[PDB]
Amino acid sequence: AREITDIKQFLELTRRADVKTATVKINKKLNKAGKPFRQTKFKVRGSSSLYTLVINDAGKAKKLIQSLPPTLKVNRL
Amino acid sequence: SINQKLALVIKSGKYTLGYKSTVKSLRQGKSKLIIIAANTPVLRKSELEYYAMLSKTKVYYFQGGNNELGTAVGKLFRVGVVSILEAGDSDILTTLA
Amino acid sequence: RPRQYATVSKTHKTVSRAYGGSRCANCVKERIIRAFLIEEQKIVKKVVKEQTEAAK
Amino acid sequence: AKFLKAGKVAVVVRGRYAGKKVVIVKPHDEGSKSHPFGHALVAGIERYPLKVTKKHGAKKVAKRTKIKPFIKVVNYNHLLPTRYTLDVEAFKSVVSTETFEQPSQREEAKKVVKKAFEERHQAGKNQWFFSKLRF
Amino acid sequence: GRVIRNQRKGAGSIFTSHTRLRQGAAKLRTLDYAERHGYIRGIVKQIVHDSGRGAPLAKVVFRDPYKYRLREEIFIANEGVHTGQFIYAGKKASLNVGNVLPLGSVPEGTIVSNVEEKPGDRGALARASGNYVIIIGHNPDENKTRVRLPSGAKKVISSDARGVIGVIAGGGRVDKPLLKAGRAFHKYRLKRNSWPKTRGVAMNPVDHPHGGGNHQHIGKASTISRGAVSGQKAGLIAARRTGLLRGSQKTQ
Amino acid sequence: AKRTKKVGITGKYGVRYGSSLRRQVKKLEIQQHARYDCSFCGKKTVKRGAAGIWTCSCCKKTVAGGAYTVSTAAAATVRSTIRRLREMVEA
RNA sequence: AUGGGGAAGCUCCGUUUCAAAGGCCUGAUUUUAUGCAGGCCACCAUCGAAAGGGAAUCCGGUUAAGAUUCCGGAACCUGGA
RNA sequence: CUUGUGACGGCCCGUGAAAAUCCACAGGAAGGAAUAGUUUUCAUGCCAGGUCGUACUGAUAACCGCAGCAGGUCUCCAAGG
RNA sequence: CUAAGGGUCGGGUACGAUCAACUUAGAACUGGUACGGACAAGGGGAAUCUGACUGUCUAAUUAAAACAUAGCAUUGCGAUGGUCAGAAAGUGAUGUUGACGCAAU
RNA sequence: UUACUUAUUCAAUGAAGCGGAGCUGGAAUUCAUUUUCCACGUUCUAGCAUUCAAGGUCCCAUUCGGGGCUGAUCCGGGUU
Ligand SMILES: [Mg+2]
Ligand SMILES: [Mg+2]
Ligand SMILES: [Mg+2]
Ligand SMILES: [Mg+2]
Ligand SMILES: [Mg+2]
Ligand SMILES: [Mg+2]
Ligand SMILES: [Mg+2]
Ligand SMILES: [Mg+2]
Ligand SMILES: [Mg+2]
Ligand SMILES: [Mg+2]
Ligand SMILES: [Mg+2]
Ligand SMILES: [Mg+2]
Ligand SMILES: [Mg+2]
Ligand SMILES: [Mg+2]
Ligand SMILES: [Mg+2]
Ligand SMILES: [Mg+2]
Ligand SMILES: [Mg+2]
Ligand SMILES: [Mg+2]
Ligand SMILES: [Mg+2]
Ligand SMILES: [Mg+2]
Ligand SMILES: [Mg+2]
Ligand SMILES: [Mg+2]
Ligand SMILES: [Mg+2]
Ligand SMILES: [Mg+2]
Ligand SMILES: [Mg+2]
Ligand SMILES: [Mg+2]
Ligand SMILES: [Mg+2]
Ligand SMILES: [Mg+2]
Ligand SMILES: [Mg+2]
Ligand SMILES: [Mg+2]
Ligand SMILES: [Mg+2]
Ligand SMILES: [Mg+2]
Ligand SMILES: [Mg+2]
Ligand SMILES: [Mg+2]
Ligand SMILES: [Mg+2]
Ligand SMILES: [Mg+2]
Ligand SMILES: [Mg+2]
Ligand SMILES: [Mg+2]
Ligand SMILES: [Mg+2]
Ligand SMILES: [Mg+2]
Ligand SMILES: [Mg+2]
Ligand SMILES: [Mg+2]
Ligand SMILES: [Mg+2]
Ligand SMILES: [Mg+2]
Ligand SMILES: [Mg+2]
Ligand SMILES: [Mg+2]
Ligand SMILES: [Mg+2]
Ligand SMILES: [Mg+2]
Ligand SMILES: [Mg+2]
Ligand SMILES: [Mg+2]
Ligand SMILES: [Mg+2]
Ligand SMILES: [Mg+2]
Ligand SMILES: [Mg+2]
Ligand SMILES: [Mg+2]
Ligand SMILES: [Mg+2]
Ligand SMILES: [Mg+2]
Ligand SMILES: [Mg+2]
Ligand SMILES: [Mg+2]
Ligand SMILES: [Zn+2]
């Protein structure tokens, strides 16, 4: 139901006890006017609503994916 | 008469028409005489009358509806209270009032 | 709708002044005014008829 | 007279503190670079002393009589001026234009105004001012 | 044969009163210790249309003397009573349209509404839009007071009886011609099922005393004995006279 | 352009009812629809609302009155009669 | 329905009416499970709406035949902790 | 076009339901901190949600008219010229 | 084919640029004089009788001039009441009423 | 004929302030002194009026809490 944007607050979610699962979505999407780029969304499934964190930067995308708790049960695509 | 005096205050002196402005006269002390209409509600009444005695200004209860108080000051609209800042050539301050 | 007013924060059911979600400010403006003068005037009547009593 | 001077008690008529008696601390009769209106700086009473009684003893009396004060810039058209008055010496320096802006200033300000208002009330100097205006 | 219409209205079926939308029963404050010794104030918090009434009502709110609450009464609004007005009620009470005073405490010439026939009955006489009574005398010992009613009859009632200074708002209602069937239709739609009315002489003899004949005609005297039997009283019951009231009326 | 020689508000009734009937009603319709000076604030902002109830546009004061005009004759007289009689109570 | 009032009687009348009409908050227990202590409130049945009032759910998919009910996903309301 | 909604306006001797239920406000009984006390009307977390209907026709053949009867039977959706 | 009827912007303290609407009137040309081309869609006038009018009824042979209606007029009654209900009653309708009212013609 | 209330009858009220006497006022005019009659908390304003009441006073053995009396005159229990 929810959308999130403080990249930190997100990280604190994916370490919030009741959050067994999570999933990451990769979309082709266009930049400004001309070309495309690789949008990615970081969906945390909390016990009562589903918070999703849009990370426009394809670069921060790669280092964040590593940031994910290694006992979190992520589902890529 | 009482309207004849008003007509003299009206073409020689300074006044303000209406509630809001005649309070700024009572806080500044600039009022010499406020003229209250007949139908103007007792709260607006008693509230000026408290404002009045807090600046020692005298209060003349005009005995006619705000609508005729409007003809009294020569304006085409009603007024529920006047305030006399300067008595021009008239004598309202220093007669019966 | 009225059963929805128990699914909401209290700050959704008032404004901070006295008589928040009861009266409409102006109507509170008046009753402050009215009460004060009338409570003043009350006094005004007290000591005047203490004067009529001792001076009759 | 220009009765809006450092003695006058006024009752608030608009905004949160509406309904409570203040004491004008410093009038700026016309103008402000901020508040472009005739505005009085006041320190009125927020949480009035609750009634006390003979039954009331010990630290209950101490607690019933606690005051929560408050300072405030106010447009003039939101006070009614009263025929009462109360002295403003203990908090002449306390309540300044400079006291507003920067909240810690306002905290220490009220702190005085609080040690002051509880001074007046215990041994009931200015008794009207410590009673809730009921409307 | 058949039971005639004026007998059927008695068991009250289709005939009872269309009560759904009525503000309530208009009455006076109960006669408590405050109204028989001093006075008590209310505010007319609203005057408002009672449905099926000629006159407006006025809702007048008083404190409770014996408990902390507001009690509310429904008055018939006397003409010129306004919202926010103050209304004073009881013995030592003052003489203004709106207040409610014993018939003892007013002088002759007072004009007074919703007045009790016995004291404390919370109101009985002159209630309909525009009506009133006049006080026309007082006999102090045996504390009576003599009034003249909207009909014109001259009753004498107790001085401890109450009345509301004035006349009942809504006068002239009956001046305006009804003008078409439907307004009579809607008029009675909020009163009772009395409309429209069929001419007993358009009935068959089994339906009415007037019924039948090979032309329409009442056939016998349409004046009916005061001691007629149910099923007989249809005409001018017990009429002491008849024909067009020539000349001036008015009780003398 | 004056629209009607004489029927006035009543021209809605067409030809029905008969002239006396329409006349009579016009007098009271004209009475019941027109605005009225508010005794409390002066503005002619008093209109009708059902069987003798009269309220003020702004101001919102409501005054019980006559079925088609604010002040019925009889009440006015009654007023002054109440004046008259109460005078004898202080003076 | 009921205290009642009629009626030979099946029953008829009355619905808060000529009635001694009932029960919530906690406290007093630390013999203990719940008596007494207050302070309240005098509201006096009940039945009567699948078109009136009214807490809260949605899209996609699926069956020979069920779906705002199943499946998938994402919400919400209420009671309790 | 449909439908919804608003700010108005006309109309009445017509002025056009009730209760459950939810909220607020006035009040200020009372309960509460510095060695640390109050707060679940903010957020996040836990469990629970019974019973009964749910298919289909609703009509020139699934209803009522002796019937698979040219009759009768309440309503929502509504494209282009 | 002509003409008339609009929106949008920037102008120191006369005008220009563009966008989008079917109405209405005028004028040419044209035909086997036809064109609301199917569909859709009022007969009119003068009287007499009669009920004012809109409304109502005999389902299943009568829709009328008959009933009603506003309007008019009469009657009864201040509650210990008027009219009417019940076998009775600490019973009932009008009545949440009160003569600008209720009932009865 | 006209009085009486207790039968019977009617009204009202979540049976609230009835009756009788007295404190204080004061109109009153005194033919020894009172012979009586009225009275005896609220009226510019669409505010506020509730915790057996604050106060005063006495008790409990001084705790927090809590209670009398008075504040609210007496007598009769015939709800009016
Ligand atoms: Mg808010
Ligand atoms: Mg508060
Ligand atoms: Mg004590
Ligand atoms: Mg027979
Ligand atoms: Mg027969
Ligand atoms: Mg029957
Ligand atoms: Mg009924
Ligand atoms: Mg009436
Ligand atoms: Mg009727
Ligand atoms: Mg009928
Ligand atoms: Mg008829
Ligand atoms: Mg008839
Ligand atoms: Mg016939
Ligand atoms: Mg017969
Ligand atoms: Mg006969
Ligand atoms: Mg016959
Ligand atoms: Mg005939
Ligand atoms: Mg024209
Ligand atoms: Mg039901
Ligand atoms: Mg039910
Ligand atoms: Mg339902
Ligand atoms: Mg429903
Ligand atoms: Mg589906
Ligand atoms: Mg299946
Ligand atoms: Mg199969
Ligand atoms: Mg299906
Ligand atoms: Mg599911
Ligand atoms: Mg889920
Ligand atoms: Mg919950
Ligand atoms: Mg439709
Ligand atoms: Mg309306
Ligand atoms: Mg709310
Ligand atoms: Mg919560
Ligand atoms: Mg189905
Ligand atoms: Mg079929
Ligand atoms: Mg068929
Ligand atoms: Mg269609
Ligand atoms: Mg053009
Ligand atoms: Mg253009
Ligand atoms: Mg013809
Ligand atoms: Mg012929
Ligand atoms: Mg006809
Ligand atoms: Mg027609
Ligand atoms: Mg017809
Ligand atoms: Mg037939
Ligand atoms: Mg035949
Ligand atoms: Mg026909
Ligand atoms: Mg036929
Ligand atoms: Mg006829
Ligand atoms: Mg008739
Ligand atoms: Mg005629
Ligand atoms: Mg008559
Ligand atoms: Mg009778
Ligand atoms: Mg009767
Ligand atoms: Mg009996
Ligand atoms: Mg006996
Ligand atoms: Mg009683
Ligand atoms: Mg007594
Ligand atoms: Zn007005």
# chains A, B, ... in the order shown; residues from 1 in each chain; ligands from 1
>>> residues_near_ligand(ligand="ligand 26", cutoff="12 Å", atoms="only C-alpha atoms (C1' of nucleotides) and all ligand atoms", output="ChimeraX atom specification")
/G:63,65-67 /H:54-56
>>> write_last_selection(atoms="N, CA and C atoms (P, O5', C5', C4', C3', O3' and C1' of nucleotides)", output="PDB file, in the first residue's frame")
ATOM      1  P     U G  63     -11.329 -23.199 -15.968  1.00  0.00           P
ATOM      2  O5'   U G  63     -12.578 -23.600 -15.079  1.00  0.00           O
ATOM      3  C5'   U G  63     -12.405 -24.513 -14.015  1.00  0.00           C
ATOM      4  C4'   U G  63     -13.713 -25.066 -13.518  1.00  0.00           C
ATOM      5  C3'   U G  63     -14.685 -25.581 -14.570  1.00  0.00           C
ATOM      6  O3'   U G  63     -14.377 -26.896 -14.959  1.00  0.00           O
ATOM      7  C1'   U G  63     -15.850 -24.265 -12.979  1.00  0.00           C
ATOM      8  P     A G  65     -19.230 -23.969 -16.778  1.00  0.00           P
ATOM      9  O5'   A G  65     -20.338 -23.943 -15.650  1.00  0.00           O
ATOM     10  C5'   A G  65     -21.703 -23.670 -15.907  1.00  0.00           C
ATOM     11  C4'   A G  65     -22.500 -24.144 -14.726  1.00  0.00           C
ATOM     12  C3'   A G  65     -22.087 -23.554 -13.382  1.00  0.00           C
ATOM     13  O3'   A G  65     -22.638 -22.270 -13.123  1.00  0.00           O
ATOM     14  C1'   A G  65     -22.281 -25.919 -13.201  1.00  0.00           C
ATOM     15  P     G G  66     -21.815 -21.182 -12.264  1.00  0.00           P
ATOM     16  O5'   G G  66     -21.691 -21.853 -10.834  1.00  0.00           O
ATOM     17  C5'   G G  66     -22.740 -21.818  -9.880  1.00  0.00           C
ATOM     18  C4'   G G  66     -22.199 -21.436  -8.525  1.00  0.00           C
ATOM     19  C3'   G G  66     -21.712 -20.002  -8.428  1.00  0.00           C
ATOM     20  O3'   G G  66     -22.751 -19.133  -8.084  1.00  0.00           O
ATOM     21  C1'   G G  66     -20.010 -21.423  -7.680  1.00  0.00           C
ATOM     22  P     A G  67     -22.861 -17.737  -8.811  1.00  0.00           P
ATOM     23  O5'   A G  67     -21.357 -17.204  -8.760  1.00  0.00           O
ATOM     24  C5'   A G  67     -20.998 -15.878  -8.382  1.00  0.00           C
ATOM     25  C4'   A G  67     -19.953 -15.884  -7.283  1.00  0.00           C
ATOM     26  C3'   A G  67     -18.954 -14.735  -7.272  1.00  0.00           C
ATOM     27  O3'   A G  67     -19.437 -13.661  -6.503  1.00  0.00           O
ATOM     28  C1'   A G  67     -17.901 -16.833  -6.752  1.00  0.00           C
TER      29        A G  67
ATOM     30  P     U H  54     -29.282 -21.351  -0.697  1.00  0.00           P
ATOM     31  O5'   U H  54     -28.369 -20.338  -1.491  1.00  0.00           O
ATOM     32  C5'   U H  54     -28.936 -19.368  -2.341  1.00  0.00           C
ATOM     33  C4'   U H  54     -27.895 -18.355  -2.712  1.00  0.00           C
ATOM     34  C3'   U H  54     -26.867 -18.826  -3.735  1.00  0.00           C
ATOM     35  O3'   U H  54     -26.619 -17.812  -4.699  1.00  0.00           O
ATOM     36  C1'   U H  54     -25.762 -18.019  -1.798  1.00  0.00           C
ATOM     37  P     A H  55     -27.236 -17.960  -6.160  1.00  0.00           P
ATOM     38  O5'   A H  55     -26.270 -18.966  -6.931  1.00  0.00           O
ATOM     39  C5'   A H  55     -26.004 -20.280  -6.465  1.00  0.00           C
ATOM     40  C4'   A H  55     -26.073 -21.287  -7.579  1.00  0.00           C
ATOM     41  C3'   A H  55     -26.845 -20.824  -8.803  1.00  0.00           C
ATOM     42  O3'   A H  55     -25.964 -20.302  -9.779  1.00  0.00           O
ATOM     43  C1'   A H  55     -27.704 -22.903  -8.019  1.00  0.00           C
ATOM     44  P     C H  56     -26.307 -18.939 -10.550  1.00  0.00           P
ATOM     45  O5'   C H  56     -27.723 -19.251 -11.217  1.00  0.00           O
ATOM     46  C5'   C H  56     -27.773 -20.085 -12.354  1.00  0.00           C
ATOM     47  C4'   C H  56     -29.155 -20.589 -12.650  1.00  0.00           C
ATOM     48  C3'   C H  56     -30.205 -19.574 -12.996  1.00  0.00           C
ATOM     49  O3'   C H  56     -30.061 -19.105 -14.304  1.00  0.00           O
ATOM     50  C1'   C H  56     -31.127 -21.233 -11.600  1.00  0.00           C
TER      51        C H  56
END
>>> interface_residues(of="chain A", to="chain G", cutoff="10 Å", atoms="only C-alpha atoms (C1' of nucleotides)", output="list in words")
residues 1, 48, 49 and 50 of chain A
>>> write_last_selection(atoms="N, CA and C atoms", output="short mmCIF file (atom, residue, chain, number, x, y, z; two decimals), in the first residue's frame")
data_model
loop_
_atom_site.label_atom_id
_atom_site.label_comp_id
_atom_site.auth_asym_id
_atom_site.auth_seq_id
_atom_site.Cartn_x
_atom_site.Cartn_y
_atom_site.Cartn_z
N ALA A 1 0.82 -1.20 0.00
CA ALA A 1 0.00 0.00 0.00
C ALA A 1 0.86 1.27 0.00
N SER A 48 1.62 -5.97 7.61
CA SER A 48 0.30 -5.36 7.48
C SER A 48 0.15 -4.46 6.27
N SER A 49 1.22 -3.86 5.76
CA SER A 49 1.19 -3.22 4.46
C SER A 49 2.52 -3.53 3.77
N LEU A 50 2.58 -3.25 2.47
CA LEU A 50 3.73 -3.57 1.62
C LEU A 50 4.41 -2.27 1.18
#
>>> residues_near_ligand(ligand="ligand 58", cutoff="10 Å", atoms="only C-alpha atoms (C1' of nucleotides) and all ligand atoms", output="JSON, numbers by chain")
{"J": [17, 18, 19, 20, 21]}
>>> write_last_selection(atoms="N, CA and C atoms (P, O5', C5', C4', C3', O3' and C1' of nucleotides)", output="PDB file, in the first residue's frame")
ATOM      1  P     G J  17     -43.938  21.301  45.350  1.00  0.00           P
ATOM      2  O5'   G J  17     -43.738  22.161  46.658  1.00  0.00           O
ATOM      3  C5'   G J  17     -43.378  21.514  47.866  1.00  0.00           C
ATOM      4  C4'   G J  17     -42.844  22.481  48.893  1.00  0.00           C
ATOM      5  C3'   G J  17     -42.774  23.950  48.490  1.00  0.00           C
ATOM      6  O3'   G J  17     -44.003  24.661  48.210  1.00  0.00           O
ATOM      7  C1'   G J  17     -40.706  23.369  49.317  1.00  0.00           C
ATOM      8  P     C J  18     -44.845  25.606  49.208  1.00  0.00           P
ATOM      9  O5'   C J  18     -46.017  24.660  49.706  1.00  0.00           O
ATOM     10  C5'   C J  18     -47.255  24.569  49.029  1.00  0.00           C
ATOM     11  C4'   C J  18     -48.183  23.723  49.847  1.00  0.00           C
ATOM     12  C3'   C J  18     -48.680  24.368  51.128  1.00  0.00           C
ATOM     13  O3'   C J  18     -49.786  25.227  50.927  1.00  0.00           O
ATOM     14  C1'   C J  18     -47.859  22.212  51.617  1.00  0.00           C
ATOM     15  P     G J  19     -49.842  26.639  51.676  1.00  0.00           P
ATOM     16  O5'   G J  19     -50.129  26.253  53.182  1.00  0.00           O
ATOM     17  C5'   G J  19     -51.411  25.781  53.523  1.00  0.00           C
ATOM     18  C4'   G J  19     -51.415  25.130  54.868  1.00  0.00           C
ATOM     19  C3'   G J  19     -51.080  26.016  56.043  1.00  0.00           C
ATOM     20  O3'   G J  19     -52.133  26.869  56.422  1.00  0.00           O
ATOM     21  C1'   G J  19     -49.948  23.988  56.262  1.00  0.00           C
ATOM     22  P     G J  20     -51.791  28.382  56.795  1.00  0.00           P
ATOM     23  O5'   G J  20     -51.214  28.263  58.273  1.00  0.00           O
ATOM     24  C5'   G J  20     -51.962  27.598  59.274  1.00  0.00           C
ATOM     25  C4'   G J  20     -51.133  27.283  60.491  1.00  0.00           C
ATOM     26  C3'   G J  20     -50.256  28.392  61.028  1.00  0.00           C
ATOM     27  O3'   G J  20     -50.958  29.394  61.734  1.00  0.00           O
ATOM     28  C1'   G J  20     -49.014  26.421  60.962  1.00  0.00           C
ATOM     29  P     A J  21     -50.410  30.908  61.741  1.00  0.00           P
ATOM     30  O5'   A J  21     -49.020  30.820  62.529  1.00  0.00           O
ATOM     31  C5'   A J  21     -49.014  30.756  63.953  1.00  0.00           C
ATOM     32  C4'   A J  21     -47.639  30.511  64.532  1.00  0.00           C
ATOM     33  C3'   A J  21     -46.606  31.621  64.399  1.00  0.00           C
ATOM     34  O3'   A J  21     -46.771  32.708  65.296  1.00  0.00           O
ATOM     35  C1'   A J  21     -45.609  29.594  63.816  1.00  0.00           C
TER      36        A J  21
END
>>> residues_near_ligand(ligand="ligand 3", cutoff="9 Å", atoms="only C-alpha atoms (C1' of nucleotides) and all ligand atoms", output="PyMOL selection string")
(chain D and resi 54-55) or (chain J and resi 56-58+67-68)
>>> residues_near_ligand(ligand="ligand 9", cutoff="7 Å", atoms="only C-alpha atoms (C1' of nucleotides) and all ligand atoms", output="VMD selection string")
(chain E and resid 188 191 to 194) or (chain I and resid 102)
>>> residues_near_ligand(ligand="ligand 7", cutoff="9 Å", atoms="only C-alpha atoms (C1' of nucleotides) and all ligand atoms", output="PDB file with N, CA and C atoms (P, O5', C5', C4', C3', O3' and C1' of nucleotides), in the first residue's frame")
ATOM      1  N   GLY E  12     -62.170   4.770  15.104  1.00  0.00           N
ATOM      2  CA  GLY E  12     -60.872   5.350  14.823  1.00  0.00           C
ATOM      3  C   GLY E  12     -59.980   4.401  14.071  1.00  0.00           C
ATOM      4  N   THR E  16     -58.104   8.091  12.408  1.00  0.00           N
ATOM      5  CA  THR E  16     -57.257   8.726  13.397  1.00  0.00           C
ATOM      6  C   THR E  16     -56.326   9.733  12.743  1.00  0.00           C
ATOM      7  N   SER E  17     -55.506  10.338  13.597  1.00  0.00           N
ATOM      8  CA  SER E  17     -54.894  11.621  13.302  1.00  0.00           C
ATOM      9  C   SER E  17     -53.476  11.414  12.793  1.00  0.00           C
ATOM     10  N   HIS E  18     -53.103  12.192  11.756  1.00  0.00           N
ATOM     11  CA  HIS E  18     -51.884  11.958  10.977  1.00  0.00           C
ATOM     12  C   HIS E  18     -50.733  12.647  11.681  1.00  0.00           C
ATOM     13  N   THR E  19     -50.216  11.922  12.666  1.00  0.00           N
ATOM     14  CA  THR E  19     -49.433  12.429  13.765  1.00  0.00           C
ATOM     15  C   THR E  19     -47.945  12.353  13.520  1.00  0.00           C
TER      16      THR E  19
ATOM     17  P     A I  93     -57.882   6.771  21.806  1.00  0.00           P
ATOM     18  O5'   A I  93     -58.756   7.214  20.554  1.00  0.00           O
ATOM     19  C5'   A I  93     -58.655   6.448  19.365  1.00  0.00           C
ATOM     20  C4'   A I  93     -59.411   7.025  18.200  1.00  0.00           C
ATOM     21  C3'   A I  93     -59.259   8.516  17.978  1.00  0.00           C
ATOM     22  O3'   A I  93     -58.156   8.810  17.136  1.00  0.00           O
ATOM     23  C1'   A I  93     -61.555   7.921  18.026  1.00  0.00           C
ATOM     24  P     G I  95     -57.210  15.507  16.012  1.00  0.00           P
ATOM     25  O5'   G I  95     -56.307  14.414  16.726  1.00  0.00           O
ATOM     26  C5'   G I  95     -55.060  14.774  17.284  1.00  0.00           C
ATOM     27  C4'   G I  95     -55.086  14.619  18.773  1.00  0.00           C
ATOM     28  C3'   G I  95     -55.246  13.201  19.293  1.00  0.00           C
ATOM     29  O3'   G I  95     -54.375  13.062  20.389  1.00  0.00           O
ATOM     30  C1'   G I  95     -56.858  14.613  20.301  1.00  0.00           C
ATOM     31  P     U I  96     -52.895  12.480  20.226  1.00  0.00           P
ATOM     32  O5'   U I  96     -51.977  13.773  20.284  1.00  0.00           O
ATOM     33  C5'   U I  96     -52.155  14.706  21.337  1.00  0.00           C
ATOM     34  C4'   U I  96     -51.130  15.790  21.289  1.00  0.00           C
ATOM     35  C3'   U I  96     -51.302  16.779  20.153  1.00  0.00           C
ATOM     36  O3'   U I  96     -50.703  18.002  20.551  1.00  0.00           O
ATOM     37  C1'   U I  96     -49.292  15.608  19.862  1.00  0.00           C
TER      38        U I  96
END
>>> residues_near_ligand(ligand="ligand 12", cutoff="12 Å", atoms="only C-alpha atoms (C1' of nucleotides) and all ligand atoms", output="PDB file with C-alpha atoms (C1' of nucleotides), in the first residue's frame")
ATOM      1  CA  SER E 194     -61.964  13.872   6.766  1.00  0.00           C
ATOM      2  CA  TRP E 195     -61.763  14.963   3.116  1.00  0.00           C
ATOM      3  CA  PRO E 196     -63.377  14.992   0.665  1.00  0.00           C
ATOM      4  CA  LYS E 197     -67.015  14.682   1.872  1.00  0.00           C
ATOM      5  CA  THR E 198     -69.895  13.014   0.108  1.00  0.00           C
ATOM      6  CA  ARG E 199     -73.417  14.453   0.266  1.00  0.00           C
ATOM      7  CA  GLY E 200     -75.527  12.105   2.352  1.00  0.00           C
ATOM      8  CA  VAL E 201     -78.223  12.892  -0.187  1.00  0.00           C
ATOM      9  CA  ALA E 202     -76.120  11.388  -2.974  1.00  0.00           C
ATOM     10  CA  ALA E 234     -77.145  13.890  10.403  1.00  0.00           C
ATOM     11  CA  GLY E 235     -78.312  17.382   9.669  1.00  0.00           C
ATOM     12  CA  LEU E 236     -78.228  20.460  11.856  1.00  0.00           C
TER      13      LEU E 236
ATOM     14  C1'   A I  68     -66.028  15.291  -5.747  1.00  0.00           C
ATOM     15  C1'   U I  69     -63.898  20.209  -5.678  1.00  0.00           C
ATOM     16  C1'   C I  72     -71.275  29.961  -0.400  1.00  0.00           C
ATOM     17  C1'   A I  73     -74.471  29.180   3.708  1.00  0.00           C
ATOM     18  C1'   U I  74     -76.322  26.655   7.910  1.00  0.00           C
ATOM     19  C1'   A I 104     -72.665  17.613  11.476  1.00  0.00           C
ATOM     20  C1'   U I 105     -75.537  18.922   7.068  1.00  0.00           C
TER      21        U I 105
END
>>> residues_around(residues="range 76-91 of chain E", least_positions_apart="4", cutoff="8 Å", atoms="only C-alpha atoms (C1' of nucleotides)", output="MDAnalysis selection string")
(chainID E and resid 26:27 34:47 55:58 60 97:102 105 113:114 127 164:170) or (chainID F and resid 61:66 71 75) or (chainID J and resid 46)
>>> select_by_dssp(residues="range 158-239 of chain E", states="strand (DSSP E)", output="PyMOL selection string")
chain E and resi 158+162-165+223-224+236-237
>>> residues_around(residues="residue 18 in chain F", least_positions_apart="3", cutoff="10 Å", atoms="only C-alpha atoms (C1' of nucleotides)", output="JSON, numbers by chain")
{"E": [179], "F": [13, 14, 15, 21, 22, 23], "I": [52, 53, 71]}
>>> residues_near_ligand(ligand="ligand 13", cutoff="7 Å", atoms="only C-alpha atoms (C1' of nucleotides) and all ligand atoms", output="VMD selection string")
chain E and resid 202 to 204 212
>>> interface_residues(of="chain B", to="chain D", cutoff="6 Å", atoms="only C-alpha atoms", output="ChimeraX atom specification")
/B:28-29,55
>>> atom_distance(atom1="CA of residue 155 in chain E", atom2="CA of residue 78 in chain F")
21.0 Å
>>> select_by_dssp(residues="chain F", states="alpha helix (DSSP H)", output="PyMOL selection string")
chain F and resi 19-33+73-90
>>> residues_near_ligand(ligand="ligand 48", cutoff="10 Å", atoms="only C-alpha atoms (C1' of nucleotides) and all ligand atoms", output="PyMOL selection string")
chain I and resi 58+61-63
>>> atom_distance(atom1="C1' of residue 76 in chain I", atom2="CA of residue 213 in chain E")
26.9 Å
